[PDB]
Ligand SMILES: [Mg+2]
Ligand code: NA
Ligand code: NA
Ligand code: NA
Ligand code: NA
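Chains as they are written, first to last, in UniProt numbering: chain A, 412 to 615; chain B, 207 to 615.
Okay, here's the thing in structure tokens:
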């Protein structure tokens with residue numbers, strides 16, 4: 412269960428989440444989620460949001476959850492996927508064997524990430540195997556690794572269903588549209604379609 | 207068998223230096239250090255007795271300390287009246303390493319306060335700190351990458367008798383081939399070897415002379431308290447002999463003797479007497495309570511080998527097993543028997559990618575072949591079985607990177 416908080420377009424990503432003036436607005440998105448869904452057994456992990464970098468507001472709310480509900484682990488990927496605001500190393504698109512040593516927020520290969528000096532937490536990718544179009548190449552590599560390493564406990568593929576919308580031509584025949592087909596601009600075109608299934612749920 | 211090492215006659219005064227330990231501690235950035243030398247004497251204890259420890263860097267004496275005997279109070283009955291500890295400060299000391307084997311000379315003088323030298327002992331001092339922190343083996347604060355090799359004391363002509371020339375020839379070839387460490391498989395070596403390693407610059411794993419591979423199970427004797435005495439002696443006497451050599455950075459409890467309670471006892475004994483060096487032992491799983499370093503033999507890079515009780519996990523996987531935090535350095539890997547070393551690159555790619563994969567020791571340095579002669583009086587390399595010896599394991603005694611005469615494979 413994930414809080415409705417994403418500030419991806421900020422520069423740097425944590426400009427708002429590290430600002431105490433935004434702590435209140437952020438806290439409500441986290442606290443009111445917990446007060447609502449805490450009795451559901453299906454919810455086993457709480458998430459502080461997505462792509463909002465890593466700010467002090469995250470550490471505060473992380474601790475808030477741990478305090479009001481010790482029955483579920485808390486995770487958050489921002490700021491490097493292994494910050495102090497997550498009980499689980501939850502990288503996105505970290506590769507199996509190949510490292511992507513980005514400055515400040517590197518994506519180590521998952522096998523290597525586990526054994527970094529001092530690291531002991533389990534690793535579950537919050538996003539991986541981006542299924543945009545003709546994709547999922549190398550999928551079997553992830554599962555061979557998940558099965559061989561106890562602390563590599565899987566992940567969540569990105570994602571389930573294409574975000575395409577239905578438009579009708581002059582004949583009234585429906586067709587699948589994506590970014591920019593509604594005169595919307597700027598837009599990121601077909602990047603809204605990364606599902607394992609089409610919008611009508613027909614498998615890819 | 208036989209008297210294969212030097213025999214000598216030594217004359218000591220009745221009032222003598224019976225033992226001395228040299229230790230070097232550092233501040234956070236290694237810009238300052240304290241050299242501590244504990245000296246023990248035997249014979250008539252007198253108030254006029256003194257010990258002077260002077261530290262030299264070439265011809266320059268950098269530090270010196272004098273004091274009478276009488277160690278600090280250690281318990282209800284007092285202290286060691288026959289011991290004394292000198293503490294010397296050394297600013298910006300030249301650090302020792304396999305990269306730059308900087309050495310100082312320590313002279314220990316047992317003398318009368320009024321200036322009469324009774325006797326003097328000495329040793330080369332290498333200022334370096336070895337410690338495991340956050341899962342990494344560090345030398346002077348930096349993580350090591352062990353480019354090592356196991357080395358037996360073998361000569362095709364003289365058997366197990368060692369000589370300076372041979373030792374030097376080996377060391378030169380090792381460094382010339384980018385090796386920086388060596389494992390004394392599987393016993394304490396010729397005293398000259400450690401001196402050469404201190405001076406030429408090679409990290410050394412000193413290993414107790416204990417291997418009971420043929421037992422069933424392998425730890426039948428090591429888990430038996432009645433063998434503890436014979437075992438402790440092979441470990442303690444090694445430490446007491448080589449503890450001042452800067453080249454030795456790791457103590458090893460032996461080889462292939464499974465894992466027994468005796469190993470745990472001795473492992474603890476070393477941690478107690480010499481906390482300056484990590485202790486390792488591969489027996490019983492490569493990761494038992496008797497080792498500070500995960501030191502498997504022949505564990506592969508990516509492929510697991512789930513043997514019951516003592517599995518050899520892929521090294522990358524071994525590091526992150528639940529609760530594991532120790533560094534991993536293979537005591538033996540890449541068996542170089544004959545046309546071998548295929549897949550060597552795979553190990554080094556892993557060592558460089560994973561911080562806690564800190565290298566290993568290739569098996570091994572030189573083929574253990576012996577020279578025999580044909581009817582024409584010509585020499586040829588013989589192995590197991592070539593001397594009527596049986597049962598034997600034929601060519602399995604040749605796993606070296608170089609021939610017995612040191613010609614490279
Ligand atoms: Mg003098
Ligand atoms: Na797993
Ligand atoms: Na997308
Ligand atoms: Na490494
Ligand atoms: Na062999």
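Where is the CB? At the ideal position from N, CA and C, for every residue including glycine.
Residue 347 of chain B and residue 354 of chain B have their C-alpha atoms spaced approximately 20 Å apart.
According to the DSSP assignment, residue 587 of chain B belongs to the beta strand (DSSP E) that extends over 585-588. Contacts with chain A at 8 Å (Cβ-Cβ) do not include residue 381 of chain B. In this structure, the straight-line span from the alpha carbon of residue 514 of chain A to that of residue 551 of chain B is close to 28 Å.
At the C-beta level, residue 529 of chain A and residue 340 of chain B come within 8 Å of one another. Within the segment 481-553 of chain B, the complete alpha helix (DSSP H) runs of at least 4 residues fall at 521-525. For ligand 4, no non-hydrogen atom lies closer than 7 Å to the CB of residue 533 of chain A. Residues of the same chain with a CB within less than 7 Å of the CB of residue 541 of chain B, apart from the 5 flanking positions on each side, are 504, 569 and 605 in chain order.
Counting every other CB atom within 10 Å of its CB across the protein chains shown gives residue 545 of chain A a total below 16, marking it as exposed. When distances are taken from the beta-carbon of residue 221 of chain B to the heavy atoms of ligand 1, even the shortest one reaches 7 Å or more. Any heavy atom of ligand 3 within less than 6 Å of a residue's beta carbon puts that residue on the list, which reads A:602, A:603 and A:605. If you draw a straight line from the Cα of residue 563 of chain A to the Cα of residue 509 of chain B, it is about 16 Å long. Under the Cβ distance rule, residue 510 of chain A counts among the residues neighbouring chain B, one pair being separated by less than 8 Å.
By the neighbour-count criterion, in which a residue is buried when 16 or more other Cβ atoms sit within 10 angstroms of its Cβ, residue 586 of chain B is exposed. Taking residue 525 of chain A as the centre and dropping the five residues before and after it, the same chain places the C-beta of 500, 534, 560, 562 and 563 closer than 8 Å to its C-beta, in chain order.
In this structure, B:400 is the residue among B:400, B:391, B:474 and B:392 with its C-alpha nearest to the C-alpha of residue 374 of chain B. Just measuring C-alpha positions, the residue of B:242, B:276, B:468 and B:592 sitting nearest residue 295 of chain B is B:242. Following the DSSP letters along the chain, one finds residue 434 of chain A inside the alpha helix (DSSP H) bounded by residues 434-448.
Counting along the chain, the unbroken beta strand (DSSP E) around residue 457 of chain B starts and ends at 454-458.
Beta-bridge partners of residue 614 of chain B (DSSP): B:608.
The closest heavy atom of ligand 1 lies 7 Å or more from the beta carbon of residue 322 of chain B. Pairing residue 478 of chain B with residue 414 of chain B gives a Cβ-Cβ distance that is not under 8 Å. The distance from the Cβ of residue 289 of chain B to that of residue 222 of chain B is about 13 Å, inconsistent with a contact at the 8 Å cut-off.
The beta carbon of residue 559 of chain A sits closer than 8 Å to some beta carbon of chain B.
Interface flag for residue 340 of chain B against chain A is set, since a Cβ pair is found closer than 8 Å.
Taking 8 Å as the threshold, the shortest C-beta distance from residue 483 of chain B to chain A does not fall below it.
Cβ-Cβ distances below 6 Å link residue 601 of chain A to 589 in the same chain, with the five nearest sequence neighbours on each side left out; the list follows chain order. The beta-carbon of residue 529 of chain A is placed less than 8 Å from the nearest beta-carbon of chain B. Counted as a single uninterrupted DSSP element, the alpha helix (DSSP H) harbouring residue 397 of chain B occupies residues 397-406. Taking the beta carbon of residue 562 of chain A as reference, the chain B residues within 7 Å of it are 526 and 528, listed in sequence order.
Annotation: residue 518 of chain B has no Cβ neighbours in chain A at a cutoff of 8 Å; minimum Cβ distance is about 14 Å. At a cut-off of 7 Å, the beta-carbon of residue 382 of chain B does not count as near ligand 4: no heavy atom of the ligand is closer than that. Contacts with chain A at 8 Å (Cβ-Cβ) do not include residue 552 of chain B.
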